[PDB]
Amino acid sequence: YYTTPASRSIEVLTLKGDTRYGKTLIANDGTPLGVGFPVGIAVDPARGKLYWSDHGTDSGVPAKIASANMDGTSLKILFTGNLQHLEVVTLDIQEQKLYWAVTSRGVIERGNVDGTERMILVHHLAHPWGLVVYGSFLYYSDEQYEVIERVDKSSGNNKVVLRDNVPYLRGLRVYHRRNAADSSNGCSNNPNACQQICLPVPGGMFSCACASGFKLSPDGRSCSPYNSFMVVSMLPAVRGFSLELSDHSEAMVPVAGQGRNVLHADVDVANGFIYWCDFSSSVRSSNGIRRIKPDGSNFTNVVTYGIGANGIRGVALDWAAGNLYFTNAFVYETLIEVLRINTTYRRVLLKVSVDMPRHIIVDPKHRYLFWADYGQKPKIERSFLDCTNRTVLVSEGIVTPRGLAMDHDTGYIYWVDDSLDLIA
Amino acid sequence: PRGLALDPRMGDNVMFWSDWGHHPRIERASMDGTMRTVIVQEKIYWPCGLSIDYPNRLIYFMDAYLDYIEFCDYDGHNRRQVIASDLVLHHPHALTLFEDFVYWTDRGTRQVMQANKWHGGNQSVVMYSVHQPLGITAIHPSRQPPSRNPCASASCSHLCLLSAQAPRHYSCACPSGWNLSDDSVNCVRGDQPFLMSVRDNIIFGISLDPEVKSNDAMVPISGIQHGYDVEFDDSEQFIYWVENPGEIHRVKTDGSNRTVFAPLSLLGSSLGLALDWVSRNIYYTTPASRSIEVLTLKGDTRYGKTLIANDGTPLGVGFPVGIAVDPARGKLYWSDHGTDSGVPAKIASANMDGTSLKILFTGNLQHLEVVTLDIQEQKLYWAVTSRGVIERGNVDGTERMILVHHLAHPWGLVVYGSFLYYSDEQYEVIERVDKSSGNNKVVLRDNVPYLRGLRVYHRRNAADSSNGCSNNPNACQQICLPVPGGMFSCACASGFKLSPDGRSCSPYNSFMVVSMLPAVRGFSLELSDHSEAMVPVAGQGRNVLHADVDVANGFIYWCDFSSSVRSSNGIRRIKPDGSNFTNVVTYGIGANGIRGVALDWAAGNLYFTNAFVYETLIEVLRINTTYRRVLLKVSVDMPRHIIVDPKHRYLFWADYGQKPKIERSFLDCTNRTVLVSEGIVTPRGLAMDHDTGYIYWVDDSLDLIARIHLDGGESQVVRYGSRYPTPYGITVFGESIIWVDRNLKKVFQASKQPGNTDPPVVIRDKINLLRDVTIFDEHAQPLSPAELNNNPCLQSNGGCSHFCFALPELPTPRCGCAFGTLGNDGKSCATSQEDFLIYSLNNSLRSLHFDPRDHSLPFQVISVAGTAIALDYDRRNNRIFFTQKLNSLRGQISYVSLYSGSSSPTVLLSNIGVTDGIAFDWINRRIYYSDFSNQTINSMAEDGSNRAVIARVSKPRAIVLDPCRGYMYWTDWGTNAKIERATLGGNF
Amino acid sequence: XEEXX
Amino acid sequence: XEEXX
Amino acid sequence: XXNXX
Amino acid sequence: XXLXXX
Ligand SMILES: *[C@@H]1O[C@H](CO)[C@@H](O)[C@H](O[C@@H]2O[C@H](CO)[C@@H](O[C@@H]3O[C@H](CO[C@H]4O[C@H](CO)[C@@H](O)[C@H](O)[C@@H]4O)[C@@H](O)[C@H](O[C@H]4O[C@H](CO)[C@@H](O)[C@H](O)[C@@H]4O)[C@@H]3O)[C@H](O)[C@H]2NC(C)=O)[C@H]1NC(C)=O
Ligand SMILES: *[C@@H]1O[C@H](CO)[C@@H](O[C@@H]2O[C@H](CO)[C@@H](O[C@@H]3O[C@H](CO[C@H]4O[C@H](CO)[C@@H](O)[C@H](O)[C@@H]4O)[C@@H](O)[C@H](O[C@H]4O[C@H](CO)[C@@H](O)[C@H](O)[C@@H]4O)[C@@H]3O)[C@H](O)[C@H]2NC(C)=O)[C@H](O)[C@H]1NC(C)=O
Ligand SMILES: *[C@@H]1O[C@H](CO)[C@@H](O[C@@H]2O[C@H](CO)[C@@H](O[C@@H]3O[C@H](CO[C@H]4O[C@H](CO)[C@@H](O)[C@H](O)[C@@H]4O)[C@@H](O)[C@H](O[C@H]4O[C@H](CO)[C@@H](O)[C@H](O)[C@@H]4O)[C@@H]3O)[C@H](O)[C@H]2NC(C)=O)[C@H](O)[C@H]1NC(C)=O
Ligand SMILES: *[C@@H]1O[C@H](CO)[C@@H](O)[C@H](O[C@@H]2O[C@H](CO)[C@@H](O)[C@H](O)[C@H]2NC(C)=O)[C@H]1NC(C)=O
Ligand SMILES: *[C@@H]1O[C@H](CO)[C@@H](O[C@@H]2O[C@H](CO)[C@@H](O)[C@H](O)[C@H]2NC(C)=O)[C@H](O)[C@H]1NC(C)=O
Ligand SMILES: *[C@@H]1O[C@H](CO)[C@@H](O[C@@H]2O[C@H](CO)[C@@H](O)[C@H](O)[C@H]2NC(C)=O)[C@H](O)[C@H]1NC(C)=O
Ligand SMILES: *[C@@H]1O[C@H](CO)[C@@H](O)[C@H](O)[C@H]1NC(C)=O
Ligand SMILES: *[C@@H]1O[C@H](CO)[C@@H](O)[C@H](O)[C@H]1NC(C)=O
Ligand SMILES: *[C@@H]1O[C@H](CO)[C@@H](O)[C@H](O)[C@H]1NC(C)=O
Ligand SMILES: *[C@@H]1O[C@H](CO)[C@@H](O)[C@H](O)[C@H]1NC(C)=O
Ligand SMILES: *[C@@H]1O[C@H](CO)[C@@H](O)[C@H](O)[C@H]1NC(C)=O
Ligand SMILES: [Ca+2]
Ligand SMILES: [Ca+2]
Ligand code: NI
Ligand code: NI
């Protein structure tokens, strides 16, 4: 188990078989019960409990010590309060007590796993970066004192210095003979039960889990690709989330890495492809349209030639005819182009200098094409699928519309307007 | 809005402007702005550069996107194109007219062009510019046609604007913040309040009426670097705000008298502002130095005092954010972020004199914001970004409750009247809400980026809120501070202490000197006093390693260091109140800078250590004199921190080199004994108590603070353990030791006696890059012979000429000689009269003994013009002949007498050139020199006459001669380099 | 250009 | 070769 | 380098 | 060139 503050999630990775499977367990949702900024993590395999120390988020999660099942299905807040600048959390599995370091108060605290009996063990510390409990002693490292010290686990008395004048001290752990037979759980009692990931839960049971981009089949043992998820696109990456809010797993292998400056994204459900457009104002290679499977395979550059200085500004796939409408923007003029998927055919359907279509959507059900303009004459414009018989749907009360959506069941056009702060 | 044109002729009185926002258009209006009309709104994308053809009454306009130049009548009906579908236009900006030509500037081609105004023909380039030409105008009387002025008979009080209205053709107006009176000719100042909303780079004045969107309650304050807070004084109509370098700026509401008012702090940039309008003082926070300080506004000369500082206690300043003051009640309030192992995040209160610190509210307060005060209701309001709420509480610390919630990032907060105003940096909104339970939400502004703090400008009567300082003007010499109960406590600026009168100020005479890499600072030895006991030595070029003091003369000596800039290395001195900044030692500083400074107050001798790459020197400089002498020169050892003690007449220094030790020696660095050599690795600082004679030193490698008696013997441990990681400097005052710790960023104080276990008490906390500590007190530097064991150097330097060195058990001092040899009387100095060595160094002549162990200079450095190159000595007259090289083309031969007697160099021959060799014939009294520029060896008489040529060689150098055998030798370093021999006449 | 980050 | 900052 | 002064 | 002057 490992925490990634950059993605603000707690993830699990298997190291049993030949193929590595990874999954996100708890993610930063709106509620305080989620993950704000995970620092440390401790596990109790015999009881299926997971503990982590969390900083707060503004108006969201408070700085706290939290507990959850190792499959992440039961969040809980154990201790909150004077926990500014929390350090890593370590668990004494024998006595079932948690130990934390609070840098702001310079203390090491202790508390039970059920959220009771919080109390201060060691005082007058400077920066207790790491700590670990083994046997009857507690070992901690202080980054500013540059010391590694051993104290009793029941009280900060009987202090003993192990090392001193050592710079850049960090977390600590004790390599010892942890036995996989004295502590057992559902996953150990039932090997090779789940296809990809087995995660123990309290009560000696176990719950199967699947890698990112996969979800449990109704049999409870197998994995299948995600069928219904949202595709959220940002500049550094493209990520997918389940449409039912209880599941924090990444419903899609995140498209990220070097060269990603994703502006917009679109999906091809039947063929199982996600299309996105990269944009770079400096590098001409990082401009174009690319596609990938939701599971991370079969990467392909779709459009790479003829992109203007302002780059591709919108992509909309016609899933019925296999046409990919996109908007190619230049310094003083804008193009609307069609590319037929798995063909070399490509043509321009409209060139406009005064207008500037930016975000485009297509509706094969009604055979219409809609784009949003935020130039000197902001408007929402509709045309046929060949961009030939144009009309203006909204022309007043609209400034910088940078998003469109179609209902497909009520026939309404939804758009977001960030200059007037409304959704209409 | 970009374009602008005018037609002030009596008939028209109209103004034209162009806007290139969404829905671009060109508008016409009357000169008073009444009859607004859009004339052209079709076939325009980027309008710019309007200009009016007065005889034809046409308005010329330009588009940088569609790339055309057009004109139309005043209604826009008869549009024509003069330049269209033409590739000359790339990005035209401005336009002007004259006769039958139009001149425009192009930002794409960066050139000014000319064309016919009717059809665009005869295009030509007027001039090419390396930069983009923005504005253009044609100055001629034809461009300003005369007309009748209807405002001549007008009686408008402030502004008479022309108008297109027929009956009068003028209209009265008045500036921002004024009312048009019912008589419609006079204007009166509007006394209504308005809200100042400071942004990242600008401060705006907006009305409290949410339906008014003009943002013109006052002239905006542009040019703000990093705006966080703003402050006002309703009387005198001044607005105040801070700036990055540590200054406060001031401007009136009408936009005039913008100026830099006073410098705030030398240690960093201020964050918050609070103004006492009754006593005329302003309180501000300095998060860099973690202190709250006050500046005086009343008088002509500014006075500043640090009220509250970070002393490590919970009742103190951790990281102050915003201040609110109650002048009538005498209380000051501030919101504080916490510090690690120190002050918590809290809302705290204090009297406006810095006393009676109190903690009001603590708890869920992460990412605190500015606090504000409702003086009438006596309640505090603050924002908590980490929870997105606005909270309210009584000033006594009770009834804390949440008022507004579900905010994103509150940044501004002010409560006036019956409403609460807050600016949310996210949501980009300024919003008003009732102070009673936070209902009836109203939006004033939205879509405004970079929102910051808020404040309401309103008229405050100091007469209805008088306090002690207003009831007693001129009671305090420098600063008056109100105190609860109607009392007042006088105060003094930083560096001064209050006299026993309680009304007068005197300079500090007992304080500690703390030196850090960024600055040198002073703190009073009375721990309750958070004021700065010295004007901080901070600024560009400051990199301080050690500091020393001269209590009797009132000076602080410190040594700067830099491994990149050579000129920023040396020894400087300054008065504790500023005043006489001075450079003490600047020449000859080694590659490593000055590593220690020791001042002998009895003799006036300054001991310092300069370190070269593979050696180090210990040197004495006598204060206020040019006498400098090297005492000890070592390579295997490296003295770093040196202390002097006139009472026992000893020198001590730490080494921490490859063989760490603490050494002891006389005042002339002789009789070097080793005190401690075992159990020592990195001693970084020495100290002494004059009344007990114990050497106190610190060692961060062993985390040790230990002491040893001046006579040697056992080393006693004073402080030991992992809780003292990096003790860098130490001093002893009274019964306590005071040391600085770099890792803990604290100045500690603890008992000097070994074996004590009481925890040290923190003087100051969170100070970066601590280097040393030093006590500035009379008791630390006594001068009476009774306690200095009758030091002979007290009585007029002990009668010595250059240096006075007293010996521990002798009644007479050993006089030291900076240059020359000590005389027979044992006190005077004269020229060596021995065999020694001389050489040239740039523009000077320097001497050197043959003994490497002798550091005395045979004679003082002789300064010359140009660059001395070659030397030779005449025994008979005790003169040295030397060449000077000037401007690489000319040279001189000059001599200076070694008899001294105020002798100065004088020239024997000029206009030679580069001359790199001299040899004097002691028999025939002729000077032989090698003219390199003219490529010959020449010989002249001793008086400089009858010069003759010896021979012509390619590149001569290094002439030697032997008159007893009539041969001269020289070296030619040109092609086929060789050593040539010729007779003194140049033959053979 | 709008978003090049 | 010794201190700075 | 250069064999100057 | 951007038509904004700043
Ligand atoms: C354009 O070129 C790109 C270049 O790569 C092509 O990707 C794309 O061609 C292909 O488009 C077809 C559309 O049908 C895709 O086939 C479908 O794949 C589905 C996923 O298959 C996976 O999972 C199933 C689970 O049962 C498994 O059996 C497969 O072995 C595989 O692991 C699949 O579910 C779907 O099946 C439906 O249709 C079948 C038709 O024979 C039926 O038999 C079946 O019962 C079901 O109704 C279908 O096979 C294909 O993935 C895709 N190519 C690739 C490599 O992904 C080209 N098309 C365009 C225009 O995008
Ligand atoms: C210069 O021009 C401006 C614009 O006309 C004038 O500003 C107005 O002046 C009046 C009188 O000073 C202000 O009226 C006061 O409003 C207070 C509450 O303000 C809120 O509600 C008003 C609407 O009622 C809003 O406009 C405002 O934005 C706020 O939302 C009241 O509390 C005041 O009442 C007090 O005085 C009255 C009369 O004595 C008492 O009966 C009350 O008990 C109380 O003491 C008062 O009604 C008005 O708010 C101002 N508007 C603006 C723009 O702020 C200046 O008056 C004018 N100056 C000159 C010299 O001509
Ligand atoms: C190298 O050269 C520098 C100058 O460049 C010398 O620095 C001077 O040192 C003298 C030391 O005496 C300083 O003079 C002293 O100033 C004290 C403060 O004066 C203020 O306060 C008094 C009392 O209110 C006022 O009268 C006065 O106007 C000032 O406002 C005085 O308290 C001292 O007085 C004592 O000594 C004098 C004789 O000097 C007696 O007449 C008095 O009775 C009393 O005993 C004294 O006047 C002077 O200020 C320094 N000047 C500068 C520019 O800093 C260094 O001393 C010198 N180096 C060495 C090592 O000598
Ligand atoms: C070295 O000698 C040259 C020639 O005599 C002399 O110019 C330098 O002294 C100073 O140099 C400065 C930089 O050019 C100049 O500003 C200053 O006027 C000059 N002083 C005199 C007397 O002319 C000498 N420099 C050094 C480093 O010793
Ligand atoms: C300015 O431009 C006009 C054309 O707009 C020039 O007038 C023409 O000049 C040529 C050469 O002499 C004649 O053959 C034509 O008959 C003229 N008329 C036109 C309308 O073409 C004029 O010479 C130019 N003047 C200058 C000084 O540049
Ligand atoms: C604000 O600036 C103005 C203009 O400098 C000052 O007004 C006059 O300034 C001139 C030149 O200094 C003086 O000779 C006049 O005596 C000033 N007249 C008045 C009425 O003051 C004004 O003094 C400045 N005000 C402040 C407080 O800064
Ligand atoms: C897609 O990826 C799979 C797995 O790497 C590979 O076997 C298949 O050949 C790829 N298909 C294409 C069209 O490249
Ligand atoms: C499409 O444009 C044609 C003219 O070419 C017009 O007659 C018709 O009304 C338009 N159709 C729709 C659906 O608006
Ligand atoms: C020191 O500064 C004071 C005040 O500026 C000045 O009067 C005095 O002449 C200065 N003395 C010296 C020697 O620099
Ligand atoms: C000091 O040095 C002198 C000369 O070497 C020597 O005679 C004497 O014993 C030494 N010790 C003292 C402190 O006099
Ligand atoms: C050397 O050469 C020229 C020519 O003989 C002579 O006039 C000059 O004075 C000499 N030195 C210089 C300055 O070149
Ligand atoms: Ca253009
Ligand atoms: Ca250490
Ligand atoms: Ni930490
Ligand atoms: Ni903030």
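In summary, strands (runs of 3 or more DSSP E) completely within region B:864-960 and bearing 2 or more residues that are within 20 Å of B:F836 (Cα to Cα), aliphatic (A, V, I, L, M) and within 14 Å of chain E (Cβ to nearest Cβ) occur at B:867-874.
Report yes if B:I767 is outside any loop (DSSP other than H, G, I, E, B) and among the aliphatic types (A, V, I, L, M), otherwise no. No; evaluated as a whole, the condition is false for this residue. Taking B:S270 as the residue in question, decide whether it is under 27 Å from B:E428 (Cα atoms) and either of a type in the set (A, V, I, L, M) or buried (at least 20 other Cβ atoms within 10 Å of the Cβ) (or both). Yes; evaluated as a whole, the condition is true for this residue. In the set (1) within 14 Å of chain C (Cβ to nearest Cβ); (2) buried (at least 19 other Cβ atoms within 10 Å of the Cβ), A:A237 fails one condition alone, (2). Among the numbered conditions (1) buried (at least 20 other Cβ atoms within 10 Å of the Cβ); (2) without any contact (Cβ under 8 Å) to a residue 24 or more places away in the chain; (3) out of contact with any helix residue (DSSP H, G or I) (no Cβ under 9 Å at 6 or more places or on another chain); (4) not aliphatic (A, V, I, L, M), the only one that B:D758 does not meet is (1). For region B:894-902, the criterion of being farther than 27 Å from B:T831 by Cβ and either surrounded by 20 or more Cβ atoms within 10 Å (Cβ to Cβ) or within 50 Å of the chain's Cα centre (by Cα) (or both) is satisfied by no residue at all.
This table checks each residue for (1) within 27 Å of the chain's Cα centre (by Cα); (2) among the hydrophobic types (A, V, I, L, M, F, W, C).
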site	(1), (2)
B:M218	no, yes
B:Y228	yes, no
B:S235	no, no
B:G246	yes, no
B:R250	yes, no
B:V260	yes, yes
B:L267	yes, yes
B:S291	yes, no
B:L295	yes, yes
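From the list B:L651, B:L632, B:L617, B:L686, the one residue that fits, being more than 16 Å from ligand 7 (Cβ to nearest atom), surrounded by 15 or more Cβ atoms within 10 Å (Cβ to Cβ) and under 30 Å from B:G721 (Cβ atoms), is B:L686. Please state which of the following conditions B:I594 fails to meet, knowing it meets all the rest: (1) over 25 Å from the mean Cα position of the chain (by Cα); (2) within 14 Å of chain D (Cβ to nearest Cβ); (3) buried (at least 20 other Cβ atoms within 10 Å of the Cβ). Of everything listed in (1) over 25 Å from the mean Cα position of the chain (by Cα); (2) within 14 Å of chain D (Cβ to nearest Cβ); (3) buried (at least 20 other Cβ atoms within 10 Å of the Cβ), B:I594 misses just condition (1). Considering region B:308-360, the residues that are over 30 Å from B:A462 (Cα atoms) and not in a loop (DSSP other than H, G, I, E, B) include one that is nearest to the other protein chains (Cβ to nearest Cβ), namely B:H337. The residue that is farthest from B:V260 (Cα to Cα), among those in region B:208-231 that are in a loop (DSSP other than H, G, I, E, B) and among the hydrophobic types (A, V, I, L, M, F, W, C), is B:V212.
Going through region B:530-540 one residue at a time, which ones are among the aliphatic types (A, V, I, L, M) and part of a strand (DSSP E or B)? The answer is B:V537, B:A538. Only residues that are part of a strand (DSSP E or B), within 14 Å of chain A (Cβ to nearest Cβ) and over 17 Å from B:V212 (Cβ atoms) were counted across region B:409-461, and they come to 3.
Across region A:162-207, which residue is surrounded by the fewest Cβ atoms within 10 Å (Cβ to Cβ) among those that are part of a loop (DSSP other than H, G, I, E, B) and charged (D, E, K, R)? It would help to see each step written out before you state the result.
We begin by selecting, within region A:162-207, every residue part of a loop (DSSP other than H, G, I, E, B); these are A:165-185, A:190-196, A:202-204.
Among the residues that remain, those that are also charged (D, E, K, R) are: A:170, A:173, A:177-178, A:182.
Working: A:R170: 9, A:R173: 12, A:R177: 4, A:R178: 10, A:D182: 7.
Taking the candidates together, the pick is A:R177.
Residue-by-condition table, conditions (1) under 24 Å from A:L33 (Cα atoms); (2) away from ligand 9 (no atom under 16 Å from the Cβ); (3) not in a strand (DSSP E or B):
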{"site": "A:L235", "(1), (2), (3)": "no, yes, yes"}
{"site": "A:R239", "(1), (2), (3)": "yes, yes, no"}
{"site": "A:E244", "(1), (2), (3)": "yes, yes, yes"}
{"site": "A:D247", "(1), (2), (3)": "yes, yes, yes"}
{"site": "A:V253", "(1), (2), (3)": "no, yes, no"}
{"site": "A:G257", "(1), (2), (3)": "no, yes, yes"}
{"site": "A:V262", "(1), (2), (3)": "no, yes, yes"}
{"site": "A:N271", "(1), (2), (3)": "no, yes, yes"}
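Residue-by-condition table, conditions (1) within 14 Å of another protein chain (Cβ to nearest Cβ); (2) more than 16 Å from ligand 3 (Cβ to nearest atom); (3) within 15 Å of A:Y226 (Cα to Cα); (4) not in a loop (DSSP other than H, G, I, E, B):
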site	(1), (2), (3), (4)
A:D266	no, yes, no, yes
A:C277	yes, yes, no, yes
A:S281	yes, yes, no, no
A:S286	yes, yes, no, no
A:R291	no, yes, no, yes
A:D295	no, yes, yes, no
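Pairs meeting the criteria (first residue in region B:913-924 and among the acidic types (D, E), second residue part of a loop (DSSP other than H, G, I, E, B), beta carbons under 8 Å, at least 6 apart or on different chains) are B:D916/B:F932; B:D916/E:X5; B:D921/B:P963; B:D921/B:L984.
Taking into account only those residues within region B:159-202 that are within 30 Å of B:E428 (Cα to Cα) and acidic (D, E), which is farthest from ligand 4 (Cβ to nearest atom)?
Filtering region B:159-202 down to residues within 30 Å of B:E428 (Cα to Cα) leaves B:175-178, B:190-202.
In the following step, the residues that additionally are acidic (D, E) were identified as B:191, B:200.
Working: B:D191: 61, B:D200: 44 Å.
Per the criteria, the residue is B:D191.
Conditions tested, residue by residue: (1) under 22 Å from A:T388 (Cβ atoms); (2) out of contact with any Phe, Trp or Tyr (no Cβ under 9 Å at 6 or more places or on another chain).
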site	(1), (2)
A:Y305	no, yes
A:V315	yes, no
A:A321	yes, yes
A:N328	yes, yes
A:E337	yes, no
A:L349	yes, no
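Taking region B:504-529 as the range and being more than 21 Å from B:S356 (Cα to Cα), in a loop (DSSP other than H, G, I, E, B) and not hydroxyl-bearing (S, T, Y) as the test, the residues that pass are B:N509, B:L517, B:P518. Comparison of A:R110, A:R163, A:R105, A:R118 shows that the only residue that is of a type in the set (D, E, K, R), within 12 Å of chain B (Cβ to nearest Cβ) and under 37 Å from the mean Cα position of the chain (by Cα) is A:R105.
If you go through region B:868-921 one residue at a time, how many are of a type in the set (V, I, T) and farther than 17 Å from B:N938 by Cβ? Final tally of qualifying residues: 3.
Of the listed requirements (1) part of a loop (DSSP other than H, G, I, E, B); (2) over 18 Å from B:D100 (Cβ atoms), B:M127 misses just one: (1).
Counting only residues that are surrounded by fewer than 20 Cβ atoms within 10 Å (Cβ to Cβ) and without any contact (Cβ under 8 Å) to a residue 40 or more places away in the chain, which one in region A:125-138 is nearest to the other protein chains (Cβ to nearest Cβ)? The qualifying residue nearest to the other protein chains (Cβ to nearest Cβ) is A:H127.
When the strands (runs of 3 or more DSSP E) confined to region B:1-85 are screened for residues that are under 56 Å from the mean Cα position of the chain (by Cα) and within 14 Å of chain F (Cβ to nearest Cβ), those reaching at least 3 such residues are found at B:47-53.
May I ask you to verify whether B:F555 is buried (at least 22 other Cβ atoms within 10 Å of the Cβ), in contact (Cβ under 8 Å) with a residue 12 or more places away in the chain and not acidic (D, E)?
Working: buried (at least 22 other Cβ atoms within 10 Å of the Cβ): no; in contact (Cβ under 8 Å) with a residue 12 or more places away in the chain: yes; not acidic (D, E): yes.
When the stated conditions are applied, B:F555 does not pass them.
All Cβ positions, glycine included, derive from the backbone under ideal geometry; neighbour counts span all protein chains shown. A short reminder: the numbers here are calculations on the coordinates, not readings from a lab.
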